[PDB]
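Q: So I've got this file, final.csv, and it contains CSV, N, CA, C and O atoms:
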```csv
chain,number,residue,atom,x,y,z
A,945,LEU,N,-100.8,-120.9,-127.4
A,945,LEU,CA,-100.5,-120.3,-128.7
A,945,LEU,C,-99.6,-119.1,-128.5
A,945,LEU,O,-99.4,-118.2,-129.4
A,946,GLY,N,-98.9,-119.0,-127.4
A,946,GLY,CA,-97.9,-117.9,-127.2
A,946,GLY,C,-96.9,-117.9,-128.3
A,946,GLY,O,-96.6,-116.9,-128.8
A,947,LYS,N,-96.4,-119.1,-128.6
A,947,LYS,CA,-95.2,-119.1,-129.6
A,947,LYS,C,-95.6,-118.6,-130.9
A,947,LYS,O,-94.7,-118.4,-131.8
A,948,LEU,N,-96.9,-118.2,-131.2
A,948,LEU,CA,-97.3,-117.6,-132.4
A,948,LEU,C,-98.0,-116.3,-132.2
A,948,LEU,O,-97.8,-115.4,-133.0
A,949,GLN,N,-98.8,-116.3,-131.2
A,949,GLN,CA,-99.4,-115.0,-130.8
A,949,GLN,C,-98.3,-114.0,-130.6
A,949,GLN,O,-98.4,-112.8,-131.0
A,950,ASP,N,-97.1,-114.5,-130.1
A,950,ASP,CA,-96.0,-113.6,-130.0
A,950,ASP,C,-95.4,-113.1,-131.3
A,950,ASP,O,-95.0,-112.0,-131.5
A,951,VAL,N,-95.5,-114.0,-132.3
A,951,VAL,CA,-95.0,-113.6,-133.7
A,951,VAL,C,-95.9,-112.5,-134.2
A,951,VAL,O,-95.4,-111.4,-134.6
A,952,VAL,N,-97.2,-112.7,-134.2
A,952,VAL,CA,-98.0,-111.6,-134.7
A,952,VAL,C,-97.9,-110.4,-133.8
A,952,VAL,O,-98.0,-109.3,-134.3
A,953,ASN,N,-97.6,-110.6,-132.5
A,953,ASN,CA,-97.4,-109.5,-131.6
A,953,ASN,C,-96.2,-108.7,-132.0
A,953,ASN,O,-96.3,-107.4,-132.0
A,954,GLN,N,-95.1,-109.3,-132.2
A,954,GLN,CA,-93.9,-108.6,-132.6
A,954,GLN,C,-94.1,-107.9,-133.8
A,954,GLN,O,-93.9,-106.7,-133.9
A,955,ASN,N,-94.7,-108.6,-134.8
A,955,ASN,CA,-95.1,-107.9,-136.0
A,955,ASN,C,-95.9,-106.6,-135.7
A,955,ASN,O,-95.4,-105.5,-136.0
A,956,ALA,N,-97.0,-106.8,-135.2
A,956,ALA,CA,-97.9,-105.6,-135.0
A,956,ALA,C,-97.2,-104.5,-134.2
A,956,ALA,O,-96.9,-103.5,-134.8
A,957,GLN,N,-96.8,-104.8,-133.0
A,957,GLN,CA,-96.2,-103.7,-132.2
A,957,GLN,C,-95.0,-103.1,-132.9
A,957,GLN,O,-94.8,-101.9,-132.7
A,958,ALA,N,-94.4,-103.8,-133.8
A,958,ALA,CA,-93.3,-103.2,-134.6
A,958,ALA,C,-94.0,-102.2,-135.5
A,958,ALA,O,-93.5,-101.0,-135.5
A,959,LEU,N,-95.0,-102.6,-136.2
A,959,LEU,CA,-95.6,-101.6,-137.1
A,959,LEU,C,-96.1,-100.4,-136.3
A,959,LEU,O,-96.1,-99.3,-136.8
A,960,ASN,N,-96.6,-100.7,-135.1
A,960,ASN,CA,-97.2,-99.7,-134.3
A,960,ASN,C,-96.1,-98.6,-133.9
A,960,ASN,O,-96.3,-97.5,-134.2
A,961,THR,N,-95.0,-99.1,-133.4
A,961,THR,CA,-94.0,-98.1,-133.1
A,961,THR,C,-93.5,-97.4,-134.3
A,961,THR,O,-93.2,-96.2,-134.3
A,962,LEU,N,-93.5,-98.1,-135.4
A,962,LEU,CA,-93.1,-97.5,-136.7
A,962,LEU,C,-93.9,-96.3,-137.0
A,962,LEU,O,-93.4,-95.2,-137.1
A,963,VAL,N,-95.2,-96.4,-137.0
A,963,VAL,CA,-96.0,-95.2,-137.3
A,963,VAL,C,-95.9,-94.2,-136.1
A,963,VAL,O,-95.7,-93.0,-136.4
A,964,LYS,N,-95.9,-94.7,-134.9
A,964,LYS,CA,-95.8,-93.8,-133.8
A,964,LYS,C,-94.6,-92.9,-133.8
A,964,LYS,O,-94.7,-91.8,-133.2
A,965,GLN,N,-93.6,-93.3,-134.5
A,965,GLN,CA,-92.4,-92.4,-134.6
A,965,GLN,C,-92.9,-91.0,-135.0
A,965,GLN,O,-92.4,-90.0,-134.5
A,966,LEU,N,-93.8,-91.0,-136.0
A,966,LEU,CA,-94.1,-89.7,-136.5
A,966,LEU,C,-94.6,-88.7,-135.4
A,966,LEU,O,-94.7,-87.5,-135.7
A,967,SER,N,-94.9,-89.2,-134.2
A,967,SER,CA,-95.0,-88.2,-133.1
A,967,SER,C,-93.7,-87.5,-132.9
A,967,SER,O,-93.7,-86.3,-132.7
A,968,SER,N,-92.6,-88.3,-133.0
A,968,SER,CA,-91.3,-87.7,-132.7
A,968,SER,C,-91.0,-86.6,-133.7
A,968,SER,O,-90.9,-86.8,-134.9
A,969,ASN,N,-90.9,-85.4,-133.1
A,969,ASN,CA,-90.6,-84.2,-134.0
A,969,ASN,C,-89.2,-83.8,-134.0
A,969,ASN,O,-88.8,-82.9,-134.7
A,970,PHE,N,-88.3,-84.5,-133.2
A,970,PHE,CA,-86.9,-84.3,-133.3
A,970,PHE,C,-86.5,-82.9,-133.2
A,970,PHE,O,-85.8,-82.3,-134.0
A,971,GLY,N,-87.0,-82.2,-132.2
A,971,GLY,CA,-86.7,-80.8,-132.0
A,971,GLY,C,-87.0,-79.9,-133.1
A,971,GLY,O,-86.4,-78.9,-133.3
A,972,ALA,N,-88.0,-80.3,-133.9
A,972,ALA,CA,-88.6,-79.4,-134.8
A,972,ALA,C,-89.5,-78.4,-134.0
A,972,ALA,O,-89.5,-78.3,-132.8
A,973,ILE,N,-90.4,-77.7,-134.7
A,973,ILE,CA,-91.5,-77.1,-134.0
A,973,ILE,C,-92.7,-78.0,-134.1
A,973,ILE,O,-93.6,-78.0,-133.3
A,974,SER,N,-92.7,-78.9,-135.1
A,974,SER,CA,-93.9,-79.7,-135.3
A,974,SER,C,-93.5,-81.2,-135.7
A,974,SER,O,-92.4,-81.5,-135.9
A,975,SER,N,-94.5,-82.0,-135.6
A,975,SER,CA,-94.4,-83.4,-136.1
A,975,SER,C,-95.1,-83.7,-137.4
A,975,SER,O,-95.2,-84.8,-137.8
A,976,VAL,N,-95.7,-82.7,-138.0
A,976,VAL,CA,-96.3,-82.8,-139.3
A,976,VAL,C,-95.5,-81.8,-140.2
A,976,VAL,O,-95.7,-80.6,-140.1
A,977,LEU,N,-94.7,-82.3,-141.1
A,977,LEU,CA,-93.9,-81.5,-142.0
A,977,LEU,C,-94.7,-80.4,-142.6
A,977,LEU,O,-94.2,-79.3,-142.8
A,978,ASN,N,-96.0,-80.7,-142.9
A,978,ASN,CA,-96.9,-79.7,-143.5
A,978,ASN,C,-96.9,-78.5,-142.5
A,978,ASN,O,-96.8,-77.3,-142.9
A,979,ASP,N,-97.2,-78.8,-141.2
A,979,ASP,CA,-97.3,-77.7,-140.3
A,979,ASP,C,-96.1,-76.8,-140.2
A,979,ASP,O,-96.2,-75.6,-140.2
A,980,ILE,N,-94.9,-77.5,-140.2
A,980,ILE,CA,-93.7,-76.7,-140.0
A,980,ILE,C,-93.3,-75.9,-141.2
A,980,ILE,O,-92.8,-74.8,-141.1
A,981,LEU,N,-93.4,-76.5,-142.4
A,981,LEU,CA,-93.2,-75.6,-143.6
A,981,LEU,C,-94.2,-74.5,-143.6
A,981,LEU,O,-93.8,-73.4,-144.0
A,982,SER,N,-95.4,-74.7,-143.2
A,982,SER,CA,-96.3,-73.6,-143.0
A,982,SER,C,-96.0,-72.7,-141.9
A,982,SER,O,-96.6,-71.6,-141.7
A,983,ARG,N,-95.0,-73.1,-141.0
A,983,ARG,CA,-94.6,-72.3,-139.9
A,983,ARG,C,-93.6,-71.3,-140.3
A,983,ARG,O,-93.6,-70.1,-139.9
A,984,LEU,N,-92.7,-71.6,-141.2
A,984,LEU,CA,-91.5,-70.8,-141.6
A,984,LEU,C,-91.6,-70.3,-143.0
A,984,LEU,O,-92.4,-70.8,-143.8
A,985,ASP,N,-90.7,-69.4,-143.3
A,985,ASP,CA,-90.3,-69.1,-144.7
A,985,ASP,C,-89.4,-70.2,-145.3
A,985,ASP,O,-88.9,-71.1,-144.5
A,986,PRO,N,-89.2,-70.3,-146.6
A,986,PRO,CA,-88.5,-71.4,-147.2
A,986,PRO,C,-87.2,-71.7,-146.5
A,986,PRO,O,-87.0,-72.9,-146.1
A,987,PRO,N,-86.3,-70.7,-146.4
A,987,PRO,CA,-84.9,-71.1,-146.1
A,987,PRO,C,-84.6,-71.9,-144.9
A,987,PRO,O,-84.2,-73.1,-145.0
A,988,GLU,N,-84.9,-71.4,-143.7
A,988,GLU,CA,-84.6,-72.1,-142.5
A,988,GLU,C,-85.5,-73.4,-142.4
A,988,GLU,O,-85.0,-74.5,-142.0
A,989,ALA,N,-86.7,-73.3,-142.9
A,989,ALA,CA,-87.5,-74.5,-143.0
A,989,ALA,C,-86.8,-75.6,-143.8
A,989,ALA,O,-87.1,-76.8,-143.6
A,990,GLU,N,-85.9,-75.2,-144.7
A,990,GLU,CA,-85.3,-76.2,-145.5
A,990,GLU,C,-84.5,-77.2,-144.6
A,990,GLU,O,-84.7,-78.4,-144.6
A,991,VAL,N,-83.5,-76.6,-143.9
A,991,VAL,CA,-82.7,-77.5,-143.0
A,991,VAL,C,-83.6,-78.1,-141.9
A,991,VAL,O,-83.3,-79.2,-141.4
A,992,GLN,N,-84.6,-77.4,-141.5
A,992,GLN,CA,-85.6,-77.9,-140.5
A,992,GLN,C,-86.2,-79.2,-141.1
A,992,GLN,O,-86.2,-80.2,-140.4
A,993,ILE,N,-86.7,-79.1,-142.3
A,993,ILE,CA,-87.3,-80.3,-142.9
A,993,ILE,C,-86.2,-81.4,-143.1
A,993,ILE,O,-86.5,-82.5,-143.0
B,406,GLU,N,-81.3,-50.4,-147.1
B,406,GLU,CA,-82.1,-51.4,-147.7
B,406,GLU,C,-81.2,-52.4,-148.4
B,406,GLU,O,-81.7,-53.2,-149.2
B,407,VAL,N,-79.9,-52.5,-148.1
B,407,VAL,CA,-79.0,-53.5,-148.8
B,407,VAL,C,-78.7,-54.6,-147.8
B,407,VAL,O,-78.1,-55.6,-148.2
B,408,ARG,N,-79.0,-54.4,-146.5
B,408,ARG,CA,-78.6,-55.4,-145.5
B,408,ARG,C,-79.3,-56.7,-145.8
B,408,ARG,O,-78.7,-57.8,-145.7
B,409,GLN,N,-80.6,-56.7,-146.2
B,409,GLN,CA,-81.4,-57.9,-146.3
B,409,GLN,C,-81.1,-58.6,-147.6
B,409,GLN,O,-81.7,-59.7,-147.8
B,410,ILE,N,-80.2,-58.2,-148.5
B,410,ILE,CA,-80.1,-58.8,-149.8
B,410,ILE,C,-79.1,-59.9,-149.7
B,410,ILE,O,-77.9,-59.8,-149.7
B,411,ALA,N,-79.7,-61.1,-149.5
B,411,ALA,CA,-78.8,-62.3,-149.3
B,411,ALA,C,-79.6,-63.6,-149.6
B,411,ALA,O,-80.8,-63.6,-149.4
B,412,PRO,N,-78.9,-64.6,-149.9
B,412,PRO,CA,-79.6,-65.9,-150.4
B,412,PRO,C,-80.5,-66.4,-149.3
B,412,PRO,O,-80.1,-66.7,-148.2
B,413,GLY,N,-81.8,-66.5,-149.6
B,413,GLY,CA,-82.8,-66.9,-148.6
B,413,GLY,C,-83.2,-65.7,-147.6
B,413,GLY,O,-84.3,-65.8,-147.0
B,414,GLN,N,-82.3,-64.7,-147.5
B,414,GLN,CA,-82.7,-63.6,-146.6
B,414,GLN,C,-83.8,-62.8,-147.2
B,414,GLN,O,-83.7,-62.5,-148.4
B,415,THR,N,-84.8,-62.5,-146.4
B,415,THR,CA,-86.0,-61.9,-146.9
B,415,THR,C,-85.9,-60.4,-146.9
B,415,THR,O,-84.9,-59.8,-146.5
B,416,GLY,N,-86.9,-59.7,-147.4
B,416,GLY,CA,-87.0,-58.3,-147.6
B,416,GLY,C,-87.9,-58.0,-148.8
B,416,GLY,O,-87.7,-58.6,-149.8
B,417,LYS,N,-88.8,-57.1,-148.6
B,417,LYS,CA,-89.8,-56.8,-149.7
B,417,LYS,C,-89.1,-56.6,-151.0
B,417,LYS,O,-89.6,-57.1,-152.1
B,418,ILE,N,-88.0,-55.9,-151.0
B,418,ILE,CA,-87.1,-55.8,-152.2
B,418,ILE,C,-86.9,-57.2,-152.8
B,418,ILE,O,-87.3,-57.5,-153.9
B,419,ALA,N,-86.4,-58.1,-151.9
B,419,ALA,CA,-86.2,-59.5,-152.3
B,419,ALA,C,-87.6,-60.2,-152.5
B,419,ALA,O,-87.6,-61.2,-153.1
B,420,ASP,N,-88.6,-59.6,-151.9
B,420,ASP,CA,-89.9,-60.2,-152.1
B,420,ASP,C,-90.5,-59.9,-153.4
B,420,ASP,O,-91.1,-60.8,-154.1
B,421,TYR,N,-90.4,-58.6,-153.9
B,421,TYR,CA,-91.1,-58.2,-155.1
B,421,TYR,C,-90.3,-57.4,-156.0
B,421,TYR,O,-90.5,-57.4,-157.2
B,422,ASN,N,-89.3,-56.7,-155.5
B,422,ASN,CA,-88.6,-55.7,-156.3
B,422,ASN,C,-87.3,-56.1,-156.9
B,422,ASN,O,-86.8,-55.5,-157.8
B,423,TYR,N,-86.7,-57.2,-156.3
B,423,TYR,CA,-85.4,-57.6,-156.7
B,423,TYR,C,-85.2,-59.1,-156.4
B,423,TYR,O,-85.6,-59.5,-155.3
B,424,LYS,N,-84.7,-59.8,-157.4
B,424,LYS,CA,-84.7,-61.2,-157.3
B,424,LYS,C,-83.6,-61.7,-156.4
B,424,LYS,O,-82.6,-61.1,-156.3
B,425,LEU,N,-83.8,-62.9,-155.8
B,425,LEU,CA,-82.9,-63.5,-154.9
B,425,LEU,C,-83.1,-65.0,-154.8
B,425,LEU,O,-84.1,-65.5,-154.2
B,426,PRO,N,-82.3,-65.8,-155.5
B,426,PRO,CA,-82.4,-67.3,-155.3
B,426,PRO,C,-81.6,-67.8,-154.1
B,426,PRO,O,-80.5,-67.4,-153.9
B,427,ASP,N,-82.2,-68.7,-153.4
B,427,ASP,CA,-81.5,-69.3,-152.3
B,427,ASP,C,-81.0,-70.7,-152.7
B,427,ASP,O,-81.4,-71.8,-152.3
B,428,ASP,N,-80.0,-70.7,-153.6
B,428,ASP,CA,-79.2,-71.8,-154.0
B,428,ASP,C,-77.8,-71.3,-154.2
B,428,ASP,O,-77.5,-70.2,-153.8
B,429,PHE,N,-77.0,-72.0,-154.9
B,429,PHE,CA,-75.6,-71.6,-155.3
B,429,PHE,C,-75.6,-70.2,-155.8
B,429,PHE,O,-76.5,-69.8,-156.6
B,430,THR,N,-74.6,-69.4,-155.4
B,430,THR,CA,-74.5,-68.0,-155.8
B,430,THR,C,-73.1,-67.5,-155.6
B,430,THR,O,-72.4,-68.0,-154.8
B,431,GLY,N,-72.7,-66.4,-156.3
B,431,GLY,CA,-71.4,-65.8,-156.2
B,431,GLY,C,-71.2,-65.0,-155.0
B,431,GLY,O,-70.6,-65.5,-154.0
B,432,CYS,N,-71.7,-63.8,-154.9
B,432,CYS,CA,-71.9,-63.1,-153.6
B,432,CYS,C,-72.4,-61.7,-153.8
B,432,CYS,O,-72.4,-61.1,-154.9
B,433,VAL,N,-72.9,-61.1,-152.7
B,433,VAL,CA,-73.4,-59.7,-152.7
B,433,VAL,C,-72.3,-58.8,-152.1
B,433,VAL,O,-71.8,-59.1,-151.0
B,434,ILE,N,-71.9,-57.8,-152.9
B,434,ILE,CA,-70.9,-56.9,-152.4
B,434,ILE,C,-71.4,-55.5,-152.5
B,434,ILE,O,-72.3,-55.2,-153.4
B,435,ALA,N,-71.0,-54.5,-151.7
B,435,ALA,CA,-71.5,-53.2,-151.8
B,435,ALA,C,-70.5,-52.2,-151.1
B,435,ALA,O,-69.8,-52.6,-150.2
B,436,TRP,N,-70.6,-51.0,-151.5
B,436,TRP,CA,-69.9,-49.9,-150.9
B,436,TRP,C,-70.7,-48.6,-151.1
B,436,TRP,O,-71.4,-48.4,-152.1
B,437,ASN,N,-70.5,-47.7,-150.1
B,437,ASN,CA,-71.4,-46.5,-150.2
B,437,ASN,C,-71.2,-45.7,-151.5
B,437,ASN,O,-70.3,-45.9,-152.2
B,438,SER,N,-72.2,-44.9,-151.8
B,438,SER,CA,-72.3,-44.2,-153.0
B,438,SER,C,-72.3,-42.7,-152.7
B,438,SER,O,-73.2,-41.9,-153.1
B,439,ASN,N,-71.2,-42.3,-152.0
B,439,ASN,CA,-70.9,-40.9,-151.8
B,439,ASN,C,-71.0,-40.1,-153.0
B,439,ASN,O,-71.3,-38.8,-153.0
B,440,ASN,N,-70.9,-40.7,-154.2
B,440,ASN,CA,-71.0,-40.1,-155.5
B,440,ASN,C,-72.3,-39.5,-155.8
B,440,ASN,O,-72.6,-38.9,-156.8
B,441,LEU,N,-73.3,-39.7,-154.9
B,441,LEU,CA,-74.7,-39.3,-155.0
B,441,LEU,C,-75.1,-38.3,-154.0
B,441,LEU,O,-75.5,-38.7,-152.9
B,442,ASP,N,-74.9,-37.0,-154.3
B,442,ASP,CA,-75.4,-36.0,-153.3
B,442,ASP,C,-76.5,-35.1,-154.0
B,442,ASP,O,-77.1,-34.3,-153.3
B,443,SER,N,-76.8,-35.3,-155.2
B,443,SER,CA,-78.0,-34.7,-155.8
B,443,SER,C,-79.2,-35.2,-155.1
B,443,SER,O,-79.7,-36.3,-155.4
B,444,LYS,N,-79.8,-34.4,-154.2
B,444,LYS,CA,-80.9,-34.8,-153.4
B,444,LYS,C,-82.2,-34.9,-154.3
B,444,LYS,O,-83.1,-35.7,-153.9
B,445,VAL,N,-82.3,-34.3,-155.4
B,445,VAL,CA,-83.5,-34.4,-156.2
B,445,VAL,C,-83.1,-34.9,-157.6
B,445,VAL,O,-83.9,-35.6,-158.2
B,446,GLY,N,-82.0,-34.5,-158.1
B,446,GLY,CA,-81.6,-35.0,-159.5
B,446,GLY,C,-82.6,-34.5,-160.5
B,446,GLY,O,-82.6,-35.0,-161.6
B,447,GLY,N,-83.4,-33.5,-160.2
B,447,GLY,CA,-84.5,-33.0,-161.0
B,447,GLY,C,-85.4,-34.1,-161.6
B,447,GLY,O,-86.0,-33.9,-162.6
B,448,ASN,N,-85.5,-35.2,-160.9
B,448,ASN,CA,-86.2,-36.4,-161.4
B,448,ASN,C,-86.7,-37.2,-160.2
B,448,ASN,O,-86.5,-36.8,-159.0
B,449,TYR,N,-87.3,-38.3,-160.5
B,449,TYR,CA,-87.8,-39.3,-159.6
B,449,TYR,C,-86.7,-40.3,-159.2
B,449,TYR,O,-86.5,-40.6,-158.1
B,450,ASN,N,-86.0,-40.8,-160.3
B,450,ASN,CA,-84.6,-41.4,-160.1
B,450,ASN,C,-84.5,-42.8,-159.6
B,450,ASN,O,-83.4,-43.4,-159.7
B,451,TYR,N,-85.6,-43.3,-159.0
B,451,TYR,CA,-85.5,-44.7,-158.5
B,451,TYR,C,-86.8,-45.4,-158.3
B,451,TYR,O,-87.8,-44.8,-157.9
B,452,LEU,N,-86.8,-46.7,-158.5
B,452,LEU,CA,-88.0,-47.5,-158.4
B,452,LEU,C,-87.7,-48.7,-157.5
B,452,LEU,O,-86.7,-49.4,-157.7
B,453,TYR,N,-88.5,-48.9,-156.5
B,453,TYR,CA,-88.2,-49.8,-155.4
B,453,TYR,C,-89.6,-50.2,-154.9
B,453,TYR,O,-90.5,-50.4,-155.6
B,454,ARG,N,-89.7,-50.5,-153.6
B,454,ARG,CA,-90.9,-51.0,-152.9
B,454,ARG,C,-92.0,-51.2,-154.0
B,454,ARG,O,-92.7,-50.2,-154.4
```
As structure tokens, what does this structure read like?

A:
Amino acid sequence: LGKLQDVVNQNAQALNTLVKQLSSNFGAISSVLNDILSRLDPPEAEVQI
Amino acid sequence: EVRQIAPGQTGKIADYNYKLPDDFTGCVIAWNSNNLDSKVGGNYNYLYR
């Protein structure tokens, strides 16, 4: 069943990396937008967001 | 107390005593007020902080 287990695998692991992206903070201070807006005052947080 | 008066730039004046929007704006200009040497002016003469 590789030829289909693979299909579901590609699907899943795709979704997986999709969510996992939100770990990536892209040189912010945080990976939760809530955290970083609560980190700064409005202005610089704007371009940061 | 005029250095901090700028779009998005903070300062209690800008916090509570004087408005400052951080979007489109014309600009902040200033020059000294040598014309003011009355140290008391027989009055209170200003409201700030």

Q: For the point (-90.1, -54.9, -154.5) in the file's frame, write as an mmCIF file with N, CA, C and O atoms, in the frame of the given file all residues with an atom no more than 12 Å away, counting only C-alpha atoms.

A:
```cif
data_model
loop_
_atom_site.group_PDB
_atom_site.id
_atom_site.type_symbol
_atom_site.label_atom_id
_atom_site.label_comp_id
_atom_site.auth_asym_id
_atom_site.auth_seq_id
_atom_site.Cartn_x
_atom_site.Cartn_y
_atom_site.Cartn_z
ATOM 1 N N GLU B 406 -81.300 -50.400 -147.100
ATOM 2 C CA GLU B 406 -82.100 -51.400 -147.700
ATOM 3 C C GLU B 406 -81.200 -52.400 -148.400
ATOM 4 O O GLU B 406 -81.700 -53.200 -149.200
ATOM 5 N N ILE B 410 -80.200 -58.200 -148.500
ATOM 6 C CA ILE B 410 -80.100 -58.800 -149.800
ATOM 7 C C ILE B 410 -79.100 -59.900 -149.700
ATOM 8 O O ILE B 410 -77.900 -59.800 -149.700
ATOM 9 N N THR B 415 -84.800 -62.500 -146.400
ATOM 10 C CA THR B 415 -86.000 -61.900 -146.900
ATOM 11 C C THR B 415 -85.900 -60.400 -146.900
ATOM 12 O O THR B 415 -84.900 -59.800 -146.500
ATOM 13 N N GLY B 416 -86.900 -59.700 -147.400
ATOM 14 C CA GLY B 416 -87.000 -58.300 -147.600
ATOM 15 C C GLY B 416 -87.900 -58.000 -148.800
ATOM 16 O O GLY B 416 -87.700 -58.600 -149.800
ATOM 17 N N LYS B 417 -88.800 -57.100 -148.600
ATOM 18 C CA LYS B 417 -89.800 -56.800 -149.700
ATOM 19 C C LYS B 417 -89.100 -56.600 -151.000
ATOM 20 O O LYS B 417 -89.600 -57.100 -152.100
ATOM 21 N N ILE B 418 -88.000 -55.900 -151.000
ATOM 22 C CA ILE B 418 -87.100 -55.800 -152.200
ATOM 23 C C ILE B 418 -86.900 -57.200 -152.800
ATOM 24 O O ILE B 418 -87.300 -57.500 -153.900
ATOM 25 N N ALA B 419 -86.400 -58.100 -151.900
ATOM 26 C CA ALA B 419 -86.200 -59.500 -152.300
ATOM 27 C C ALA B 419 -87.600 -60.200 -152.500
ATOM 28 O O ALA B 419 -87.600 -61.200 -153.100
ATOM 29 N N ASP B 420 -88.600 -59.600 -151.900
ATOM 30 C CA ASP B 420 -89.900 -60.200 -152.100
ATOM 31 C C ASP B 420 -90.500 -59.900 -153.400
ATOM 32 O O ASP B 420 -91.100 -60.800 -154.100
ATOM 33 N N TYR B 421 -90.400 -58.600 -153.900
ATOM 34 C CA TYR B 421 -91.100 -58.200 -155.100
ATOM 35 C C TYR B 421 -90.300 -57.400 -156.000
ATOM 36 O O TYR B 421 -90.500 -57.400 -157.200
ATOM 37 N N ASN B 422 -89.300 -56.700 -155.500
ATOM 38 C CA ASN B 422 -88.600 -55.700 -156.300
ATOM 39 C C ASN B 422 -87.300 -56.100 -156.900
ATOM 40 O O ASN B 422 -86.800 -55.500 -157.800
ATOM 41 N N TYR B 423 -86.700 -57.200 -156.300
ATOM 42 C CA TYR B 423 -85.400 -57.600 -156.700
ATOM 43 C C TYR B 423 -85.200 -59.100 -156.400
ATOM 44 O O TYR B 423 -85.600 -59.500 -155.300
ATOM 45 N N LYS B 424 -84.700 -59.800 -157.400
ATOM 46 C CA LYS B 424 -84.700 -61.200 -157.300
ATOM 47 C C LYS B 424 -83.600 -61.700 -156.400
ATOM 48 O O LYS B 424 -82.600 -61.100 -156.300
ATOM 49 N N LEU B 425 -83.800 -62.900 -155.800
ATOM 50 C CA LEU B 425 -82.900 -63.500 -154.900
ATOM 51 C C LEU B 425 -83.100 -65.000 -154.800
ATOM 52 O O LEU B 425 -84.100 -65.500 -154.200
ATOM 53 N N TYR B 451 -85.600 -43.300 -159.000
ATOM 54 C CA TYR B 451 -85.500 -44.700 -158.500
ATOM 55 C C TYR B 451 -86.800 -45.400 -158.300
ATOM 56 O O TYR B 451 -87.800 -44.800 -157.900
ATOM 57 N N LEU B 452 -86.800 -46.700 -158.500
ATOM 58 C CA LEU B 452 -88.000 -47.500 -158.400
ATOM 59 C C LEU B 452 -87.700 -48.700 -157.500
ATOM 60 O O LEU B 452 -86.700 -49.400 -157.700
ATOM 61 N N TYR B 453 -88.500 -48.900 -156.500
ATOM 62 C CA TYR B 453 -88.200 -49.800 -155.400
ATOM 63 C C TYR B 453 -89.600 -50.200 -154.900
ATOM 64 O O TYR B 453 -90.500 -50.400 -155.600
ATOM 65 N N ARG B 454 -89.700 -50.500 -153.600
ATOM 66 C CA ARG B 454 -90.900 -51.000 -152.900
ATOM 67 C C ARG B 454 -92.000 -51.200 -154.000
ATOM 68 O O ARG B 454 -92.700 -50.200 -154.400
#
```

Q: Residues of chain B were defined as contacting chain A if any atom lay at most 8 Å from it, counting only N, CA, C and O atoms; please report them as a ChimeraX atom specification.

A: /B:412-414,427

Q: When DSSP is applied to the backbone of this structure, which of chain B are assigned helix (DSSP H, G or I)? Write them out as an NGL selection string.

A: :B and (417-422)

Q: If I take atom C of residue 992 in chain A and atom C of residue 962 in chain A, how far is one from the other in Å, to one decimal?

A: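 Computed distance, atom C of residue 992 in chain A to atom C of residue 962 in chain A, equals 19.2 Å.
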
Q: Excluding range 433-440 of chain B and any residue of its chain fewer than 2 positions from it, enumerate the residues within 8 Å of it, using only N, CA, C and O atoms, and give them as a compact mmCIF listing (two decimals) with N, CA, C and O atoms, in the coordinates of the input.

A:
```txt
# COMPACT_ATOMS: atom_id res chain seq x y z
N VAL B 407 -79.90 -52.50 -148.10
CA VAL B 407 -79.00 -53.50 -148.80
C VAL B 407 -78.70 -54.60 -147.80
O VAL B 407 -78.10 -55.60 -148.20
N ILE B 410 -80.20 -58.20 -148.50
CA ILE B 410 -80.10 -58.80 -149.80
C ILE B 410 -79.10 -59.90 -149.70
O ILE B 410 -77.90 -59.80 -149.70
N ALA B 411 -79.70 -61.10 -149.50
CA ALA B 411 -78.80 -62.30 -149.30
C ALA B 411 -79.60 -63.60 -149.60
O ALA B 411 -80.80 -63.60 -149.40
N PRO B 412 -78.90 -64.60 -149.90
CA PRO B 412 -79.60 -65.90 -150.40
C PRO B 412 -80.50 -66.40 -149.30
O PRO B 412 -80.10 -66.70 -148.20
N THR B 430 -74.60 -69.40 -155.40
CA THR B 430 -74.50 -68.00 -155.80
C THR B 430 -73.10 -67.50 -155.60
O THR B 430 -72.40 -68.00 -154.80
N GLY B 431 -72.70 -66.40 -156.30
CA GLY B 431 -71.40 -65.80 -156.20
C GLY B 431 -71.20 -65.00 -155.00
O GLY B 431 -70.60 -65.50 -154.00
N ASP B 442 -74.90 -37.00 -154.30
CA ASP B 442 -75.40 -36.00 -153.30
C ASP B 442 -76.50 -35.10 -154.00
O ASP B 442 -77.10 -34.30 -153.30
N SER B 443 -76.80 -35.30 -155.20
CA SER B 443 -78.00 -34.70 -155.80
C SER B 443 -79.20 -35.20 -155.10
O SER B 443 -79.70 -36.30 -155.40
```

Q: Can you work out the spacing between CA of residue 968 in chain A and CA of residue 989 in chain A in Å, to one decimal?

A: 17.2 Å

Q: Measuring atom to atom with all atoms listed in the file, identify which of A:959, A:949, A:954, A:993 is nearest to residue 980 in chain A.

A: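 Once distances to residue 980 in chain A are computed over all atoms listed in the file, the minimum belongs to A:993.
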
Q: State, in Å with one decimal place, the distance from atom N of residue 429 in chain B to atom C of residue 984 in chain A.

A: 18.9 Å

Q: When you write range 432-437 of chain B out from the block above, keep N, CA and C atoms and present the result as a short mmCIF file (atom, residue, chain, number, x, y, z; two decimals), in the first residue's frame, please.

A:
```cif
data_model
loop_
_atom_site.label_atom_id
_atom_site.label_comp_id
_atom_site.auth_asym_id
_atom_site.auth_seq_id
_atom_site.Cartn_x
_atom_site.Cartn_y
_atom_site.Cartn_z
N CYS B 432 4.19 67.87 9.15
CA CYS B 432 5.43 67.66 9.89
C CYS B 432 5.48 68.54 11.12
N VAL B 433 6.46 68.24 11.97
CA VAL B 433 6.70 68.97 13.20
C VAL B 433 7.87 69.92 12.97
N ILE B 434 7.64 71.21 13.19
CA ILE B 434 8.68 72.22 13.05
C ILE B 434 8.77 72.99 14.36
N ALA B 435 9.94 73.54 14.66
CA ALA B 435 10.10 74.28 15.90
C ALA B 435 11.34 75.16 15.83
N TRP B 436 11.31 76.23 16.62
CA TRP B 436 12.47 77.10 16.81
C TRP B 436 12.36 77.74 18.18
N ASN B 437 13.51 78.08 18.75
CA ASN B 437 13.52 78.52 20.13
C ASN B 437 12.63 79.74 20.34
#
```
